[PDB]
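Undergrad: Would you mind keeping the following structure in view while I ask a few things?
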Amino acid sequence: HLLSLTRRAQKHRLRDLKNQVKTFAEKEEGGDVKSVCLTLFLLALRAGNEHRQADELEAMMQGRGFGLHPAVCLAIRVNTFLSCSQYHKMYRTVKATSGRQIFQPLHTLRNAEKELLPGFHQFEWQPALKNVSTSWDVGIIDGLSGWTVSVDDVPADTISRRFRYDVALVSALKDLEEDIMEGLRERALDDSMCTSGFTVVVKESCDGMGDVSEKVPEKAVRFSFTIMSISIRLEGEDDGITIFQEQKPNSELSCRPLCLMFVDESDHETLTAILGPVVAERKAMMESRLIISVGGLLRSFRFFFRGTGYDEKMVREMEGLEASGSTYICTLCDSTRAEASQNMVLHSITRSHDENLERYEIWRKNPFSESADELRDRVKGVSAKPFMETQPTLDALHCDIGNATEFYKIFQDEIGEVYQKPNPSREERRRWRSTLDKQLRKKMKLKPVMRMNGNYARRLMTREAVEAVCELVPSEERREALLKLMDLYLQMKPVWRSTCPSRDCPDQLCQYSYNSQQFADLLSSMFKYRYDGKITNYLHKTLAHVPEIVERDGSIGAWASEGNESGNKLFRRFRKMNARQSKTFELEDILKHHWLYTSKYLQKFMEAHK
Amino acid sequence: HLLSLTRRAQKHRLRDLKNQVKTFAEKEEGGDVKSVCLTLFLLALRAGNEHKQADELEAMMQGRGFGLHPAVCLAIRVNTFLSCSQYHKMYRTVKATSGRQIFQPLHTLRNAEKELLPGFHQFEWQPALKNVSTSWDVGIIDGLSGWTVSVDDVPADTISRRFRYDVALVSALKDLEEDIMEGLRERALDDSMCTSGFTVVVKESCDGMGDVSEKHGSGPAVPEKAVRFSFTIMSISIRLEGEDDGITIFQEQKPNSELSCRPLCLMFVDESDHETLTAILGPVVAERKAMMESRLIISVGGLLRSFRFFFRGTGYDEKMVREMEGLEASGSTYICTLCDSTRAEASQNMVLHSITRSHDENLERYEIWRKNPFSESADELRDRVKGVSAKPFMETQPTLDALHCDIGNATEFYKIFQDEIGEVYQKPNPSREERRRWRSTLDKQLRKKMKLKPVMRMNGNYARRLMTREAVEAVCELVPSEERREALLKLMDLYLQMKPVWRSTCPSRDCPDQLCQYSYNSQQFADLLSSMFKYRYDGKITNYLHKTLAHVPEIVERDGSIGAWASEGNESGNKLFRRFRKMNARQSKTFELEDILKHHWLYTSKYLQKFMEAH
Ligand SMILES: [Ca+2]
Ligand SMILES: [Ca+2]
Ligand SMILES: [Ca+2]
Ligand SMILES: [Zn+2]
Ligand SMILES: [Zn+2]
């Protein structure tokens, strides 16, 4: 065979085809025999489906990399939840095997992120920022903000960490620097001038995490935000031009954490005491403008803030309402509970921050000297002083969740007879639930849970799930009734689920008024037995308040809180794997790893040409 | 330029030279395009004196670590707890990162793996095994052993996983094939003449982990107890052909590190009940019995070779040691696992004891006890049977625990100091007050001079830091009679000459000096003891002291070591277990142990640790 022989006998045997390739290459390629036999080797290896050896060959012939850049290394290090011990061991090992040192040694990451973490890119503002120190190079800071440790006084008992909000934002923007310049180039706009009038709208959000087995209670609260839109109004005479709208704000892959507090959602004192910094600097932000070094030039930025991502309970407890099922229910309309049953559609949005402060002041002073309940009424029941701003809108997920649980219960009830038997008893409810679970399991292959997450909800909204259910309905009238109800629901739901209804499906949106009206009509007429005076919140939102906000603020579901809560399982796992561990640090390093896992840059390096 | 053109257009452009090379291979080389173009590209690279790229090109066929040797990658996965999802992720990551295939994808790595688990190599056994399925290709079996699930009878819920013991063997042996062959190469022993006379020595151990913690188990899913029965190949020598009773072809270099301790079976049942434990281990024990006589035939290194084994059952702790010997528990008159003496006769004399205990004679004593062929009364019969009360079931030569091996000695020297600050043979019976007093003054003394806090229980390191001539001569300051000071000082010094004799791996090559003096040294020790502290050992003697002053020479003669048979190893390996359950359970106890065992067995292969060079 040719492969076991020496080069003397090999070249002696092959000299005919060697000079054949020689003359043919001097004929076609002009003095390039090496690339000719390279293309011959590539074709002979690809014809046999051994693409792997051809790829190794092409990675040898001027191959991109023997060893990797420290950046993508840090990416792999975090984006798979590996320990530092783990990475070092793997590193030594692989460096032994054929190793031209491939990964980077652990040491080099610890000063390779100084380019990605907060507190590294100089900047300033005009005017100078009020009540917020003009020192920038700092990074992570303990979350107490100098709580005078005196024992007898109010205790110093909370463990928390956070950033300077502004440093977080500038990290985020200087991070997106690449994409913003690329988009400016894509919009074909000039790049040197018109570099002083960008408007970046970015949503904040905050929700908790209860009962964590701690290594002060078990619960915890995480506070994050995500950049949504970056647009330009320059040079003027126009409203603006969107430079970069985020494509997938729902996925936690864009949910950058900004503070963490080992406390509970209810301890209003402790929560505000830690949050004062955050609120105050958010306040000072919206005034001035921001100068960074970006695109090679000193560029300017303004800001607006959309506070969306909160479950209801939080919104109430932070807007100073009465959570959660009391007389006042609509976080937007001043309607009482019961009147939202006879009428369900026309409800103007009124609730707003400034007037809520006004109403609280009216409560405190009581200039009219009214008695208790008229005082509740004239102020429309705003007793607690709100402290944090809110944008007036609802989460996208928990609408789905509440609708799911309500349909679940309405099925459990329509299994039996409640308009034939007005007040059923508890055991009948348990049995109807049991036969409902049997129906949902025998068909559709669905198992019960304690509480319904998003996936169980999405499963419980298929029309065929309602078909399998309604088989047990005795009255075929009521059967078709809930079928038409479900149909209306399916036609109307993807409106708020949509990321952009003005681009997804404007048809249901334009047909949403009449669809909602017909929905409320069927619900009342065939089901007043149950919604005489008691109605639920998200239902009220979706049958009374969807069209207003969908008209005004571009899109809902776009501002899903889904991201923060959904992603919070990252806070679950990080605590396990990469802990320090000691709660003095546990936060600090968790937050570090989190934000690291959050920036675009390493996600980009994770994609690596699809 | 030809380097930038697409492959469809470059095929259309070089199709004519493609037909030229095709007909050249058809006429001269038999129609092979690949070898032709490979040697062509080699001789074109070597024309530019570019030797490095040419040698990479040539080795890339059948060498160079193609992107990396897939076996190495499976290892580096296991050796770091790295989970499948992770692996795939970072794999795509690095491949799409830099233009190459560095690691191998899963499916192929795992197909390659299937050559390392049990149940992959043929073998034979001459003569055939006794009542053992002739099949050879099976793998991870269920340890219930076909338990008829009928509700009425004792339930069959106990979940277990294990191996056909023989197959686990043939796996571990086919692993250490490489080492036995290289060792035959160093010893220069012939090969067509070393095919038969082989003997492998097998160590074993079995302990259980308490109430293991796990995640997402707020209610009981019996995720608490686990008893991991395991073994580890100890040595291999030769027996062909003349006298040559043994040439140690391979002796393990460190039998304690769990890196070398292979698992055999895992059972979600506490060591408590005899029921389930015998229920599962029965198959294993019967197999071990049927594996002593007949000879195992292995296709190793290209040769069909014969193998016999010797079996030692060691790595058990005192509790289960009794529980598989049929003795009572625990600290009754019968105290020594080897010298069947009681406390009082061990207090009269302390070193004249012959190892008489053996599994067979204990079986015999059990028959004696059950029949009572003399109709003797209860207690008198238990005396005449000497500790054997329950039918033992598991042959196992016990040995002194190399782990504690000191703790009774430590508490004894502690009591010595506490009673020497007192004048205990001047006031023969003190109550609790002077007891706590002497304790406190002694502990303040130790903290003053050697800087050690007092403790409630004696671990290892406290004992080590306590058996220091420094602590002894420093606490001598408190005892008034210098006669007794020299007494306890000679005590400590003899103890310090004699403890490394057993603590070490093998004195026959480490320190034979104290070994050849050991019987005499221990005799002087017992003399000093029953001379100056006979007030203290009238008839009350603790266990560890009998064991240490008892038989160490007899053991190291019958065996050749102590630390080379301890169960310390398994106590480390439990850590492994935990972590694996933490990071590789499949979330179903029906599948859990199967997965855990698979990964662990991978983690304990001499093959894969050998791929852990770490230079
Ligand atoms: Ca939530
Ligand atoms: Ca134990
Ligand atoms: Ca144990
Ligand atoms: Zn309303
Ligand atoms: Zn003896």
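We number chain B the same way Swiss-Prot does; the residues here are 414-1028, in that order.
Backbone N, Cα and C atoms are what each Cβ position is placed from, and that goes for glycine too.
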Undergrad: Using only what Swiss-Prot says about divalent metal cation binding by B:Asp620, B:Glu984, identify which of B:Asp550, B:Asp730, B:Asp906 is listed for that site too.
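TA: For divalent metal cation, Swiss-Prot names B:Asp620, B:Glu984; of B:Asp550, B:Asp730, B:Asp906, the listed one is B:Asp730.
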Undergrad: Using a Cβ cut-off under 8 Å and a sequence separation of 6 or more, which residues in the same chain sit near B:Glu984 (divalent metal cation binding site)?
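TA: Result: B:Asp620, B:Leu816.
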Undergrad: Count the Cβ atoms, other than its own, that fall within 10 Å of the Cβ of B:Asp730 (divalent metal cation binding site), considering every protein chain shown.
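TA: A count of 19.
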Undergrad: What other residues of this chain sit with their CB within 8 A of the center of the CB atoms of B:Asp620, B:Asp730, B:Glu984, the recorded divalent metal cation site?
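TA: In sequence order, the nearby non-listed residues are B:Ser618, B:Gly728, B:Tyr729, B:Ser980, B:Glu981, B:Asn983.
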Undergrad: What count of other C-beta atoms do you get within 10 angstroms of the C-beta of B:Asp620 (divalent metal cation binding site), across all chains shown?
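TA: There are 20 of them.
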Undergrad: Helix, strand or coil at B:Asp620 (divalent metal cation binding site), per DSSP?
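TA: Once the DSSP labels are grouped into three classes, B:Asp620 (divalent metal cation binding site) ends up as strand.
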Undergrad: How would DSSP class B:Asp730 (divalent metal cation binding site) in three states?
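TA: In three-state terms, B:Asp730 (divalent metal cation binding site) counts as coil.
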